[PDB]
Amino acid sequence: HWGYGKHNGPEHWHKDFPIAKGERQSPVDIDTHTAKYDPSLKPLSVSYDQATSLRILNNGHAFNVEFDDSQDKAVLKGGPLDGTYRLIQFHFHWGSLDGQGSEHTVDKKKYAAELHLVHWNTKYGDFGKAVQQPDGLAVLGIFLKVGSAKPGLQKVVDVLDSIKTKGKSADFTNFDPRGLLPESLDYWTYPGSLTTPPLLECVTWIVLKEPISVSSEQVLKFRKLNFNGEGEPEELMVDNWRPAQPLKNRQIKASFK
Ligand SMILES: CC(=O)Nc1nnc(S(N)(=O)=O)s1
Ligand SMILES: [Zn+2]
């Protein structure tokens, strides 16, 4: 089954998921000089004050923090979006070294990791229906660079020891995702896809310009997780990122000049 190894990594995915070679795949390189400023784009509206986190899970490819999405508690609106998108989970992609890890790149620059806050369009009723629609998901992408620690991330880092291996989960309540946002909400946006199988082309990507900084010690703890289940041979969970895909017939728009 698929993964990030030499024998099952992204270059192999198309054999089981032919849409991997599709017209609106993600991630992409953001060429800052070719992106188009669009004055018609609205500011993002992030309403996370009533967010209810439930659980943190190692699913064998990353760790996910899951939220209660049975009501409009944590929602994303505005920007390029029509309607209301509910937060369902966030996760990260990261590297084995500080010079790599992000999925998106900016003028070919890679960051140490990338945070994805995944939201689904409420008009489709559930997440499973949403992924079948071209406007079904909105994913907010935030870059991480190594520098000073991010206090708001430390609660996540401290629980990782309890979900070291695939399939382990832990109760993870009262986490406030607002502590993971940068100061500015300036963004680029383009139409794209999930970056893991099944690679469905259902995502409006919103990638923030401003990275957040985390400390070397914080990212080091991500790299101690395992792809494998308990009792299996240890494989460190690192480099769980898909390389940039061709832009083809898409334009990246910027909310700022
Ligand atoms: C269930 C779920 O959320 N699946 C996802 N697959 N890829 C995602 S990402 N890397 O594009 O945010 S989210
Ligand atoms: Zn992701």
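Read the numbers this way: they start at 1 and go in the same order the structure lists the ligands and their atoms. Computed over heavy atoms, backbone and side chain alike; hydrogens, waters and symmetry mates excluded. Each residue takes its place number in the sequence, starting with 1.
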Looking only at protein heavy atoms, which one is nearest to [atom], and what is the separation?
| atom | result |
| --- | --- |
| atom 11 (O) of ligand 1 | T195 N, 3.0 Å |
| atom 12 (O) of ligand 1 | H91 CE1, 3.3 Å |
| atom 1 (C) of ligand 1 | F127 CZ, 3.7 Å |
| atom 3 (O) of ligand 1 | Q89 NE2, 3.1 Å |
| atom 5 (C) of ligand 1 | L194 CD2, 3.9 Å |

Original post:
the Zn ion (ligand 2) as vertex, arms to ND1 of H116 and NE2 of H93: angle to 10°?
Top reply: 100°

Original post:
With a 4.0 Å heavy-atom cut-off (strictly under), which part of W241 contacts ligand 1: side chain, backbone, both or neither?
Top reply: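 It is neither; nothing of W241 touches ligand 1.
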
Subject >> Proximity of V118 to ligand 1 by residue part, where a heavy atom lies under 4.0 Å >> reply: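 Side chain only.
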
**OP:** Run the contact test for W205 against ligand 1 with a 4.0 Å cut-off on heavy atoms, strictly below, and give the result.
**Re:** yes

Subject >> ligand 1 contacted by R242 (non-hydrogen, < 4.0 Å) >> reply: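 Under 4.0 Å: no for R242.
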
Original post:
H93 heavy atoms, cut-off 4.0 Å: which ligand 1 atoms fall inside?
Top reply: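 Counting atoms of ligand 1 from 1, those under 4.0 Å from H93 are 10 (N).
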
**OP:** Please could you name the atoms of ligand 1 that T196 approaches to less than 4.0 Å, counting only its heavy atoms?
**Re:** 6 (N), 7 (N)

Original post:
When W94 is tested against each of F143, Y111, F63 for ring-ring contact (aromatic ring centres under 6.0 Å, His included), which residue passes?
Top reply: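 Among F143, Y111, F63, the one meeting ring-ring contact (aromatic ring centres under 6.0 Å, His included) with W94 is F63.
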
Original post:
Hey, which of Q25, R242, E103 is the one that makes side chain to side chain donor-acceptor pair (under 3.5 Å) with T195?
Top reply: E103

Original post:
Would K73 count as a cation-pi partner of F67, with NZ or CZ less than 6.0 Å from the six-membered ring centre and within 45° of the ring normal?
Top reply: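 No, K73 does not sit over the ring of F67.
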
Subject >> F92 ring center within less than 6.0 Å of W241 ring center >> reply: no

Subject >> Rounded distance (nearest 0.5 Å) linking atom NE2 of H119 with atom OH of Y85 >> reply: 11.0 Å

Original post:
Taking C-beta and beyond as the side chain, do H104 and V28 meet within less than 4.5 Å on heavy atoms?
Top reply: yes

Original post:
Does one side chain, of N226 or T165, offer a donor that lies under 3.5 Å from an acceptor on the other?
Top reply: no

Original post:
So does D161 pair up with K168, basic N to acidic O under 4.0 Å?
Top reply: no

